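Q: Sharing a structure here in structure tokens format.
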Amino acid sequence: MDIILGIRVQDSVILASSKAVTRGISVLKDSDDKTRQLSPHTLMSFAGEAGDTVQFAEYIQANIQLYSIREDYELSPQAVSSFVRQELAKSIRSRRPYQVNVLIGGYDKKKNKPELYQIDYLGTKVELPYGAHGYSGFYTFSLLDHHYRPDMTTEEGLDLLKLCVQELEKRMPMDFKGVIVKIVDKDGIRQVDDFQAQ
Amino acid sequence: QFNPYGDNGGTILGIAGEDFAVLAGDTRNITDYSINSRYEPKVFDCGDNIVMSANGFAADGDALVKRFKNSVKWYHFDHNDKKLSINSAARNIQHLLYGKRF
Amino acid sequence: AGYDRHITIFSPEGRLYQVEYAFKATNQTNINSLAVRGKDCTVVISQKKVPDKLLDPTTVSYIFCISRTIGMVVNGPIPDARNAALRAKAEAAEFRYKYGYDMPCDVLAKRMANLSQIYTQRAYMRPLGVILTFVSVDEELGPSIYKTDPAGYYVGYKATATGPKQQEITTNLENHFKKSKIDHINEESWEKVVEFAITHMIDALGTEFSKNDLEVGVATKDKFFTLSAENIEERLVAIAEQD
Amino acid sequence: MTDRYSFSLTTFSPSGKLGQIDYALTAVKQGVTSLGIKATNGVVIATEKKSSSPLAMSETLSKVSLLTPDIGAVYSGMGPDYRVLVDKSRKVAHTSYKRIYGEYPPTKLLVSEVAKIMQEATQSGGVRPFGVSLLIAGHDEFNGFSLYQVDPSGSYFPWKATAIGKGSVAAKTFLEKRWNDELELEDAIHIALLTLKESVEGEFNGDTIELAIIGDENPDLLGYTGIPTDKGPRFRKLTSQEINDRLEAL
Amino acid sequence: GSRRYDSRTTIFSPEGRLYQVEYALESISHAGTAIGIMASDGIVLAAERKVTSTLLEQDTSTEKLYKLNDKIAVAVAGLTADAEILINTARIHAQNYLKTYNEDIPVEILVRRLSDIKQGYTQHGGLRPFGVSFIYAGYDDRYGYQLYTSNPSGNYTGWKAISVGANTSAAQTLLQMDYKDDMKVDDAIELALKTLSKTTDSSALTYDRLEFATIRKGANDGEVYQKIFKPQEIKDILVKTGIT
Amino acid sequence: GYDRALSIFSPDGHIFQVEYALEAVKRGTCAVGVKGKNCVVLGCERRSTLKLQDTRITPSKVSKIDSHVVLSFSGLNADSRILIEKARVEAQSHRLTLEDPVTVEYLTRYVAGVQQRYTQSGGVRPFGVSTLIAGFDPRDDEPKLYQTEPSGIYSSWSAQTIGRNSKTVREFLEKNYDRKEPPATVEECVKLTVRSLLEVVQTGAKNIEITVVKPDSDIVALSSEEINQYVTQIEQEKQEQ
Amino acid sequence: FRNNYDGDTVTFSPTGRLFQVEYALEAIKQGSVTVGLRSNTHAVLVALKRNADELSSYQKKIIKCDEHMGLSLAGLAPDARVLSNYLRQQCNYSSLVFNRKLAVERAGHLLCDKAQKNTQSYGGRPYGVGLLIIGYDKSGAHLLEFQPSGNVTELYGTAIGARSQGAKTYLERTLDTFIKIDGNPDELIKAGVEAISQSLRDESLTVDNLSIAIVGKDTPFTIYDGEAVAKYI
Amino acid sequence: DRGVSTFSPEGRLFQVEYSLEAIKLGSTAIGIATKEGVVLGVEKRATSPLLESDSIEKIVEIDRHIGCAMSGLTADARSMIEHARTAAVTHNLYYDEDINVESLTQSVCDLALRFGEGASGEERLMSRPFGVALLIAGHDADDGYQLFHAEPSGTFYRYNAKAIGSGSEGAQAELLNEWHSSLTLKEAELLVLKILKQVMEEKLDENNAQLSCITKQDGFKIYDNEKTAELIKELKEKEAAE
Amino acid sequence: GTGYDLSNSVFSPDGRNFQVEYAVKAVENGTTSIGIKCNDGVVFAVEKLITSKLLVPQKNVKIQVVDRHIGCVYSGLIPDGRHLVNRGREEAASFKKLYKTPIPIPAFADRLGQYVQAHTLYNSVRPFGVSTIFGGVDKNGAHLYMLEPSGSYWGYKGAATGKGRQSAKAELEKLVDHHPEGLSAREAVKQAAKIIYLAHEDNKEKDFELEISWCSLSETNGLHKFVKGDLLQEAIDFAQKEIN
């Protein structure tokens with residue numbers, strides 16, 4: 001599958017997502033951004049079934065942007081993650097389920113704390129210091145279990161991810177063509193354009 | 001279990017000349033190793049100078065030709081007896097066939 | 001405003017005119033009927049009037065066999081009466097299918113009364129201009145008479161009467177029961193109960209009857225049937241040899 | 001065919017009155033009197049069996065009905081409307097409560113369900129309001145005994161004692177004089193019989209009066225033994241004989 | 001056909017007014033008065049019980065004050081039964097929101113939803129409007145203490161103090177006279193009772209004719225508490241404020 | 001099931017329910033809009049039949065449909081909510097399928113379509129609402145201002161007003177608004193807007209709200225003071241003569 | 001009287017009349033005249049086309065339903081389009097399912113029943129157009145007259161529309177003659193044109209004003225307009 | 001009250017007749033067909049000087065070979081235009097060709113009588129007749145340049161020239177004398193401009209009136225204001241020349 | 001008050017349904033038609049007014065068959081009659097499909113009866129504007145029936161409806177008295193032709209065409225058939241003769 005990683009440090013949540021899009025025997029694109037901004041302080045990454053992936057992401061984005069306009073307010077990350085969980089939970093029992101796994105990284109401006117939510121296609125939600133979907137976790141959870149600390153700086157977090165990506169580029173069979181990294185904090189969402197060699 | 005399809009054999013041939021065209025077809029109709037008929041027309045004049053043949057599963061071939069001839073008839077009714085051009089018949093036939101895509 | 005008299009909505013006096021007018025329709029046929037309970041049977045009697053000579057008398061009836069055990073006599077126009085009879089038959093057949101036993105007289109009466117109540121509350125349905133008298137010999141309650149009207153009302157009776165001259169029959173019957181002190185005719189045969197019924201019908205209406213002026217229905221354990229002109233003549237003869 | 005009456009038959013008039021509800025209340029006023037009195041260990045509801053003919057069997061017509069084993073009802077107004085409301089009430093007690101919680105509903109909630117049914121006949125398309133007022137008496141573990149009144153509008157209120165119908169004004173006044181918060185069930189039954197006597201014109205006995213109570217559990221009316229927690233219905237209809245015995249001490 | 005008996009509950013008058021709404025409001029004006037006053041540390045809801053008797057069980061009665069949430073409540077003026085219909089759907093909408101977002105519903109969102117339901121009966125369906133006016137008292141972590149009002153038309157507005165039902169004109173004037181932004185819940189309680197006391201169409205204002213409720217954030221805790229006063233509690237507060 | 005024809009033609013060719021819907025708009029508080037050279041301003045008047053409201057929570061008269069478009073109205077408040085919600089939903093649906101926010105004309109055409117549909121569908125009455133829709137098309141800087149009415153008819157205006165006494169304020173605008181030189185400044189535009197409102201509001205610092213809309217989703221509402229300041233400077237222009 | 005019982009089709013007047021139906025019948029009388037007549041070999045339709053301005057076209061009055069059937073209209077044109085369309089489908093159904101040409105008699109019965117439904121239910125309205133159906137089936141030539149009331153009648157000849165009474169009397173007089181015009185189409189047509197001109201008054205039938213249709217033994221239903229009708233004027 | 005599909009004692013449908021009365025109160029629209037194309041012109045009629053006139057759209061494209069002008073309750077025309085555009089585009093998808101102008105018109109007219117509260121014939125869900133009339137102009141290989149008048153009655157007539165709206169009786173009389181089988185596109189344009197000028201309450205200029213045409217070569221085009229302004233000037237000159 | 005006659009299912013103060021009574025007027029205004037029950041079958045006959053020489057003779061058949069053994073004729077609004085027979089046919093097909101045996105006349109009678117009665121239950125429909133005479137032969141004999149717009153019906157020895165119903169009834173009554181043993185199919189046919197000629201005097205202005213049909217166990221094998229050719233002329237003569 002695609003690589004979806006997330007880590008919550010002291011004052012931010014970092015999301016890392018692979019850039020490859022492979023169909024059968026060919027790598028069709030190597031600069032794919034597997035993410036959608038749901039609100040100024042909430043980001044969602046996703047991986048899974050070919051078409052369902054983006055269709056689900058964009059559908060969720062539309063609903064949150066609608067809520068934002070109607071209320072002139074921004075839903076808390078926990079609220080958004082719960083909305084996303086219900087949608088996936090409805091889907092698993094429908095005619096044709098969305099086979100999509102997601103990570104939701106947001107900065108709650110009211111609590112002033114970053115939050116990371118991992119939700120699989122069944123509607124299974126859990127809040128974690130770090131998370132991953134697919135095969136990635138099998139190599140990264142033991143790394144993070146070892147090198148993670150709650151008081152890490154955004155910079156220490158980025159060095160931790162670099163370590164994770166190197167392990168993935170060493171042991172995983174597929175060439176996922178690197179990752180795109182985005183930071184979510186009290187000031188919003190920004191993309192680290194320099195990770196191809198940080 | 002029930003199989004909705006069958007194979008009635010037959011072969012058809014169409015050749016376009018500079019100012020003419022031909023559509024031929026054998027008249028034999030079969031099922032497995034038996035002959036159902038030695039003379040069962042498979043090529044039809046549908047009006048407006050158009051000839052048609054839907055070869056394969058005869059029941060389906062008949063339904064299609066029947067539906068197209070009726071299409072020509074309604075084309076006249078709804079467009080002041082305008083003649084259905086060959087290119088227009090082709091497109092119409094595409095929608096008839098794609099209507100049963102599944 | 002004045003439309004509170006065309007559909008079934010309340011009038012300023014809390015009345016339902018359409019229901020009251022439906023009650024008026026029940027007398028349109030100018031026929032009288034009465035029912036009485038025997039020791040182990042139930043009898044219903046109704047006048048039979050065939051004015052037109054072109055009519056086939058055998059097809060003119062206001063008594064219906066609803067089920068093997070339930071009979072029904074109607075007071076009101078025949079088309080609404082047949083509407084009620086068809087529905088009652090269907091309801092009786094359905095009940096037996098779903099619950100495994102014969103629908104009781106009082107239960108069918110309640111069900112029909114409820115259906116009537118609905119026409120009384122919903123605007124698109126009109127009330128049926130009829131009064132239905134159901135009879136039988138119930139396996140649990142014994143001889144039974146239950147009557148329903150266009151208001152959705154229903155109740156059981158010891159005996160009852162319906163029609164233009166309903167009152168005269170009713171008081172006649174009341175007087176007989178104040179005297180006998182029992183709530184039924186103490187007779188073992190249904191034949192004598194039919195005779196009692198015809199007798200009091202004559203006394204109250206002050207009229208004589210031929211075999212073609214009456215219609216009779218009888219209910220016994222496991223069966224309800226109607227008498228033929230001849231079975232009736234036999235009844236008229238017997239009452240004649242007493243007066 | 002097809003009901004094309006999808007609009008309300010009850011609407012607001014310029015003065016703010018809902019005509020059809022007012023008229024239904026007027027129908028309730030013409031109805032035979034019925035009442036209810038709440039004691040410390042029970043509740044009594046009663047009414048007159050105004051037989052429409054001496055040939056009619058007044059017992060085959062119940063004005064007092066059991067809704068659940070611990071809840072009963074009585075009314076004033078249109079008898080047929082009452083009958084179907086009872087059928088619906090008994091059913092909703094199951095579909096909206098027993099089939100979900102495995103136990104009968106507390107009095108106030110069932111009353112609430114009935115009230116909802118009546119309110120809907122006040123706004124739904126193509127219908128007229130029910131022409132009745134109900135007095136519902138019952139008991140449930142956490143609320144004890146209670147008595148409620150439900151009017152054509154769907155409104156309902158709890159009472160210590162009250163009367164509805166024909167001579168409700170006089171009866172309510174007579175109840176205000178005799179009611180106190182220390183009454184025992186037998187006392188309330190006695191008060192009920194006295195109040196009802198002023199409303200009755202002709203014969204006054206156990207065959208012309210219909211009365212029921214919500215009191216202690218009646219293990220003899222359960223139908224089976226072997227389960228300690230199942231003690232029987234609290235609802236019980238007095239017999240013609242039980243009523244007469246009490247009329248002699250009138 | 002049926003068209004003959006159709007009153008047409010949803011049309012405009014030549015003046016651009018909605019007949020049924022105007023008539024429902026006229027109906028509301030005859031119902032017991034309900035008052036809502038918002039303070040810095042809480043909210044007060046007070047209502048007069050219309051029509052009463054010696055035999056009315058007041059302990060088990062509720063005809064004007066209803067709990068919608070643990071944080072939101074309403075005072076009712078109008079047809080009680082119509083109100084229960086709306087109250088129940090509001091209780092549902094609140095639970096649906098909590099299930100979706102895992103957060104209690106913001107007061108305005110619940111108020112807007114109920115108002116939209118009312119507006120609907122005003123534009124389509126051919127049914128009569130609900131003869132109800134609500135005063136909503138609630139608290140949420142975005143605007144704190146809030147007070148809203150909605151009527152048959154589906155229009156809603158926010159207030160510092162307001163009244164619905166009978167004699168709102170006289171009551172609104174009195175409130176506008178003694179209300180002060182820095183007020184405190186206890187001041188509000190007193191203002192509410194005094195106002196009802198001067199507008200009652202009854203002889204005197206006794207406890208058996210009242211329903212009282214407050215929404216306070218009891219300092220010794222940190223959360224919001226709804227207190228629907230009991231008969232005895234109303235009797236008490238009635239004496240203290242000097243109305244005996 | 002209810003499908004009675006409420007909006008029908010009368011002998012003289014009018015549709016009274018639509019006409020009476022307009023009467024409901026005449027009764028609504030006044031609303032105005034004027035477009036500058038690089039902006040659009042929307043002003044509304046606040047009733048005073050009752051005053052003791054909580055301004056923080058009371059729904060405002062100007063609503064954002066999307067980050068670059070706003071809508072104001074005159075008429076029944078409840079009815080406007082229905083249109084606003086539908087417009088908001090349509091704005092998100094459009095971004096979802098076209099990958100570009102709606103143009104102001106498109107959004108207007110949509111709202112107007114909804115209004116027209118309610119004039120010839122069984123069982124419903126027309127919206128007793130007229131709207132003013134303003135904003136800037138994506139990546140465009142040319143200001144936009146449109147108006148819709150109960151019938152479903154719509155069009156764009158240099159400036160326009162609707163609601164009670166809109167007759168008066170429109171006159172003020174017709175002889176105070178030069179198409180040759182539109183209010184080349186956010187300030188002189190907000191000034192012309194406040195002036196036109198004073199012609200009818202009759203001294204109402206707290207009875208006049210304003211919202212300024214600039215290119216690229218730059219929307220902001222003025223506070224009492226900011227407005228009160230404009231009123232003051234304007235009452236002087238009069239006395240200084 | 002009338003005013004109280006003419007609100008809809010579902011109301012009987014005290015004398016047993018259905019006014020909405022009668023009013024629909026009135027729209028026919030206001031329609032332009034059309035004539036129909038048949039022999040034993042052919043059936044003919046002749047119609048006078050009406051125009052709005054001298055700048056407008058003359059609205060068609062004859063519609064083909066199949067190769068052996070057709071009709072002429074008088075009254076509401078849209079209703080004629082609806083009815084002729086239903087007939088086109090019925091003719092179609094008969095051919096596709098039974099490989100049978102629809103009998104003119106059967107077509108009349110189907111039209112009657114379709115119109116009747118619109119005279120007994122609430123909400124609907126009667127069709128406001130009259131129709132003359134001609135055709136050649138397994139029992140020869142046929143002419144039918146359709147009325148919105150649902151009444152369909154088979155005749156040798158007839159006419160509907162304004163002043164239709166003139167042509168109708170002429171045909172009722174010419175009967176013995178035209179009924180025998182067999183194997184000679186041009187004669188049957190002239191016989192029809194002569195019948196229609198018996199209802200003229202305003203003008204005289206011109207080339208872009210006359211419309212003729214014929215069907216018969218070895219003649220598929222065909223319509224003649226303009227230049228093609230010149231030789232008959 | 002009275003059903004929306006009721007007949008008058010004279011055999012007319014009340015709602016349809018009353019519909020025609022609304023069309024008489026609408027802005028004027030004129031169409032003229034020649035062997036060089038068809039011209040369509042309308043009276044903008046803004047209700048206030050602050051109304052940006054170019055946002056008034058009373059002449060719209062149905063397809064490249066078909067255009068149309070409206071008069072009456074113009075908002076009612078949107079769903080009609082939408083239906084027409086869809087019918088044209090759909091015809092092309094199904095048959096790889098242009099839909100005939102007459103066919104397109106017949107399709108628009110099929111919508112007309114689909115109104116009522118429950119008329120037995122199908123499912124006519126529309127509470128009232130359309131309150132607008134349309135002039136449909138176009139060109140197809142079989143019948144060339146055409147002009148049709150589509151009314152809410154469902155009937156449509158083909159015209160050589162036609163006017164609808166407030167000044168129609170007057171304008172139509174004028175068209176009766178001016179039209180002839182050999183007018184040129186230029187003559188037609190001026191002629192439309194002239195008649196509009198006679199019936200309009202306001203003084204005709206390039207801002208309160210709009211022209212358009214459809215030719216086999218370039219299809220349907222709406223004349224921009226500058227092009228029409230010149231045609232106005234050219235008209236004034238020829239009129240003042242006698 | 002008034003207006004009780006404006007809506008179909010309304011009861012007037014005297015318990016009547018005026019719309020049904022008006023439907024009857026449409027029936028009385030119609031052509032005359034009759035039915036005669038014979039010793040082993042039934043005969044139906046109807047008057048067909050000749051509006052003009054243009055009506056092709058023998059082509060506008062009015063009598064209709066249901067299944068293969070039932071005949072139906074009616075007076076009043078002809079389209080309503082056809083509507084009723086269409087329903088009758090679906091009703092007959094449904095009965096045969098489920099029970100195999102062709103539908104008994106009494107059973108068929110009630111089927112038409114219930115359907116006609118149904119049209120007097122709502123104001124959304126209009127009553128049938130026809131009276132219908134129908135019958136045939138079944139498992140146990142011949143049966144003749146007449147059904148009114150109210151849905152009312154009974155079995156008959158002879159029946160008539162329409163313009164000359166009185167003359168017809170008088171004639172039918174004579175026959176019933178002078179033939180207590182039963183009329184024969186052959187005789188009934190002639191007798192039917194006579195009765196129609198006599199009943200034509202109530203419409204003697206226009207000329208008419210006679211139409212007869214019958215269903216006899218011996219003469220038609222119990223199947224409904226039309227009287228044509230020789231048998232028809234022989235009956236026309238029999239009548240033309242006794243008309244003088």
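Chain lettering (A, B, ...) mirrors the order of the structure tokens, residue numbering begins at 1 for each chain separately, and ligand numbering begins at 1 in order of display.
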With 6 Å as the limit and counting only C-alpha atoms, what residues in chain E lie close to chain D? Please list them as a PyMOL selection string.
A: chain E and resi 23-24+26-27+55-57+80-81+126-128
Q: Distance limit 12 Å, atoms considered: only C-alpha atoms. Which chain H residues sit that close to chain E? Return them as a PyMOL selection string.
A: chain H and resi 1-4+117-118
Q: Within 9 Å of residue H:204, counting only C-alpha atoms, which residues show up once you throw out same-chain ones fewer than 4 positions away? Write them as JSON, numbers by chain, please.
A: {"H": [43, 193, 196, 197, 198, 200, 208, 209, 232]}
Q: Next, dump the selected residues to file, keeping only C-alpha atoms, as a short mmCIF file (atom, residue, chain, number, x, y, z; two decimals), in the first residue's frame.
A:
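As a result, again_17.cif now contains:
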```cif
data_model
loop_
_atom_site.label_atom_id
_atom_site.label_comp_id
_atom_site.auth_asym_id
_atom_site.auth_seq_id
_atom_site.Cartn_x
_atom_site.Cartn_y
_atom_site.Cartn_z
CA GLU H 43 -36.73 46.09 -25.75
CA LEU H 193 -34.88 48.77 -35.08
CA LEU H 196 -39.04 48.87 -31.90
CA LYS H 197 -38.48 52.62 -31.93
CA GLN H 198 -42.16 53.28 -32.75
CA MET H 200 -41.03 51.70 -27.14
CA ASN H 208 -32.24 49.93 -24.05
CA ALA H 209 -32.61 47.68 -27.10
CA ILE H 232 -29.28 53.04 -35.13
#
```
Q: Using only C-alpha atoms, select each residue of chain F with any atom at most 9 Å away from an atom of chain D, and give the selection as an NGL selection string.
A: :F and (1-3)
Q: I'd like the interatomic distance between atom CA of residue I:72 and atom CA of residue I:85, to a tenth of an Å.
A: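 According to the coordinates, atom CA of residue I:72 and atom CA of residue I:85 are separated by 7.5 Å.
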Q: Would you mind listing what lies within 6 Å of stretch 214-218 of chain F as a short mmCIF file (atom, residue, chain, number, x, y, z; two decimals) with C-alpha atoms, in the first residue's frame, with only C-alpha atoms counted and same-chain residues fewer than 5 positions away left out?
A:
```
data_model
loop_
_atom_site.label_atom_id
_atom_site.label_comp_id
_atom_site.auth_asym_id
_atom_site.auth_seq_id
_atom_site.Cartn_x
_atom_site.Cartn_y
_atom_site.Cartn_z
CA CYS F 39 -15.17 47.13 -3.56
CA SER F 67 -15.47 33.31 1.59
CA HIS F 68 -15.85 35.68 -1.41
CA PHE F 136 -15.80 39.15 -6.46
CA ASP F 141 -11.14 42.45 -9.15
#
```
Q: Output as an mmCIF file with N, CA, C and O atoms, in the first residue's frame the set of chain F residues within 9 Å of chain A, with distances taken over only C-alpha atoms.
A:
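Generated output (iface_38.cif):
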```
data_model
loop_
_atom_site.group_PDB
_atom_site.id
_atom_site.type_symbol
_atom_site.label_atom_id
_atom_site.label_comp_id
_atom_site.auth_asym_id
_atom_site.auth_seq_id
_atom_site.Cartn_x
_atom_site.Cartn_y
_atom_site.Cartn_z
ATOM 1 N N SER F 63 -25.117 37.746 5.269
ATOM 2 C CA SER F 63 -24.578 36.396 5.408
ATOM 3 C C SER F 63 -23.556 36.040 4.341
ATOM 4 O O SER F 63 -23.712 36.388 3.167
ATOM 5 N N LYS F 64 -22.498 35.350 4.761
ATOM 6 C CA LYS F 64 -21.468 34.900 3.832
ATOM 7 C C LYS F 64 -21.978 33.603 3.204
ATOM 8 O O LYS F 64 -22.436 32.701 3.913
ATOM 9 N N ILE F 65 -21.932 33.519 1.878
ATOM 10 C CA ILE F 65 -22.371 32.311 1.195
ATOM 11 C C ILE F 65 -21.127 31.454 1.012
ATOM 12 O O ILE F 65 -21.175 30.230 1.075
ATOM 13 N N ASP F 66 -20.012 32.133 0.788
ATOM 14 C CA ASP F 66 -18.700 31.514 0.641
ATOM 15 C C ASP F 66 -17.730 32.640 1.014
ATOM 16 O O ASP F 66 -18.136 33.796 1.137
ATOM 17 N N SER F 67 -16.454 32.313 1.190
ATOM 18 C CA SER F 67 -15.474 33.313 1.590
ATOM 19 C C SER F 67 -15.365 34.560 0.699
ATOM 20 O O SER F 67 -14.765 35.549 1.114
ATOM 21 N N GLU F 85 -29.158 28.810 3.196
ATOM 22 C CA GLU F 85 -28.653 27.453 3.357
ATOM 23 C C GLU F 85 -28.460 26.786 1.987
ATOM 24 O O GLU F 85 -27.402 26.218 1.712
ATOM 25 N N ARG F 88 -25.506 28.212 0.233
ATOM 26 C CA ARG F 88 -24.259 27.756 0.830
ATOM 27 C C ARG F 88 -23.920 26.344 0.361
ATOM 28 O O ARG F 88 -22.767 26.044 0.031
ATOM 29 N N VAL F 89 -24.929 25.482 0.323
ATOM 30 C CA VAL F 89 -24.720 24.116 -0.121
ATOM 31 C C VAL F 89 -24.302 24.124 -1.595
ATOM 32 O O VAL F 89 -23.345 23.449 -1.986
ATOM 33 N N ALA F 91 -22.791 26.385 -3.213
ATOM 34 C CA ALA F 91 -21.445 26.943 -3.353
ATOM 35 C C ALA F 91 -20.382 25.865 -3.115
ATOM 36 O O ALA F 91 -19.358 25.828 -3.805
ATOM 37 N N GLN F 92 -20.622 24.994 -2.139
ATOM 38 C CA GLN F 92 -19.668 23.928 -1.860
ATOM 39 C C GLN F 92 -19.719 22.847 -2.941
ATOM 40 O O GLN F 92 -18.688 22.323 -3.345
ATOM 41 N N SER F 93 -20.919 22.532 -3.416
ATOM 42 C CA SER F 93 -21.093 21.527 -4.460
ATOM 43 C C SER F 93 -20.364 21.939 -5.735
ATOM 44 O O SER F 93 -19.766 21.101 -6.424
ATOM 45 N N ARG F 95 -17.699 23.954 -5.941
ATOM 46 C CA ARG F 95 -16.253 23.879 -5.743
ATOM 47 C C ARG F 95 -15.819 22.425 -5.881
ATOM 48 O O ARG F 95 -14.731 22.127 -6.372
ATOM 49 N N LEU F 96 -16.694 21.526 -5.451
ATOM 50 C CA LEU F 96 -16.422 20.100 -5.488
ATOM 51 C C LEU F 96 -16.394 19.521 -6.909
ATOM 52 O O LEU F 96 -15.534 18.696 -7.223
#
```
Q: One decimal, Å: what's the distance from atom CA of residue I:107 over to atom CA of residue I:184, could you say?
A: 25.1 Å
Q: So that I can check the secondary structure, give me every residue of stretch 109-225 of chain H assigned strand (DSSP E) by backbone DSSP, as a PyMOL selection string.
A: chain H and resi 132-140+144-150+156-158+161-164+209-215+219-222
Q: Restrict the calculation to only C-alpha atoms, then for each residue of chain G with any atom at most 12 Å from an atom of chain D give the closest atom pair and their distance in Å to one decimal, rows by chain and rising residue number, as CSV.
A:
```
residue,atom,partner,partner_atom,distance
G:120,CA,D:1,CA,11.3
G:121,CA,D:1,CA,8.7
G:122,CA,D:1,CA,9.1
G:123,CA,D:4,CA,10.7
```
Q: How would the residues just chosen look if you wrote them out with N, CA, C and O atoms as a CSV table (one decimal), in the first residue's frame?
A:
```csv
chain,number,residue,atom,x,y,z
G,120,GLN,N,-64.6,11.5,-15.5
G,120,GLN,CA,-65.1,10.9,-14.3
G,120,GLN,C,-64.2,11.1,-13.1
G,120,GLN,O,-64.7,10.8,-12.0
G,121,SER,N,-63.0,11.6,-13.3
G,121,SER,CA,-62.1,11.8,-12.2
G,121,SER,C,-61.8,13.3,-11.9
G,121,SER,O,-61.9,14.2,-12.8
G,122,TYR,N,-61.4,13.6,-10.6
G,122,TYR,CA,-61.1,14.9,-10.2
G,122,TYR,C,-59.7,15.4,-10.6
G,122,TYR,O,-58.8,14.5,-10.8
G,123,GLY,N,-59.6,16.7,-10.9
G,123,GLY,CA,-58.3,17.2,-11.3
G,123,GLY,C,-58.0,17.2,-12.8
G,123,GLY,O,-57.5,18.2,-13.3
```
Q: List the spatial neighbours of stretch 26-31 of chain D as a PDB file with C-alpha atoms, in the first residue's frame - criterion: any atom at most 8 Å away, only C-alpha atoms, same-chain residues fewer than 2 positions off excluded.
A:
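Resulting contents of around.pdb:
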```
ATOM      1  CA  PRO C  12     -70.111  24.435  16.885  1.00  0.00           C
ATOM      2  CA  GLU C  13     -72.382  22.204  18.998  1.00  0.00           C
ATOM      3  CA  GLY C  14     -69.917  19.310  18.832  1.00  0.00           C
ATOM      4  CA  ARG C  15     -72.091  17.400  16.378  1.00  0.00           C
TER       5      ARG C  15
ATOM      6  CA  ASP D  22     -63.354  23.904  21.083  1.00  0.00           C
ATOM      7  CA  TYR D  23     -66.187  21.985  19.427  1.00  0.00           C
ATOM      8  CA  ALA D  24     -64.731  18.642  20.473  1.00  0.00           C
ATOM      9  CA  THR D  33     -70.073  12.233  33.865  1.00  0.00           C
ATOM     10  CA  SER D  76     -66.605  11.349  28.666  1.00  0.00           C
ATOM     11  CA  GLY D  77     -67.754  12.232  25.166  1.00  0.00           C
ATOM     12  CA  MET D  78     -67.882  10.033  22.081  1.00  0.00           C
ATOM     13  CA  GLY D 131     -64.303  14.010  20.751  1.00  0.00           C
ATOM     14  CA  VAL D 132     -63.308  12.732  24.189  1.00  0.00           C
ATOM     15  CA  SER D 133     -61.533  13.534  27.440  1.00  0.00           C
ATOM     16  CA  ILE D 164     -65.351  15.506  33.484  1.00  0.00           C
ATOM     17  CA  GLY D 165     -68.487  15.661  31.380  1.00  0.00           C
ATOM     18  CA  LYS D 166     -72.090  16.741  32.049  1.00  0.00           C
TER      19      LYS D 166
END
```
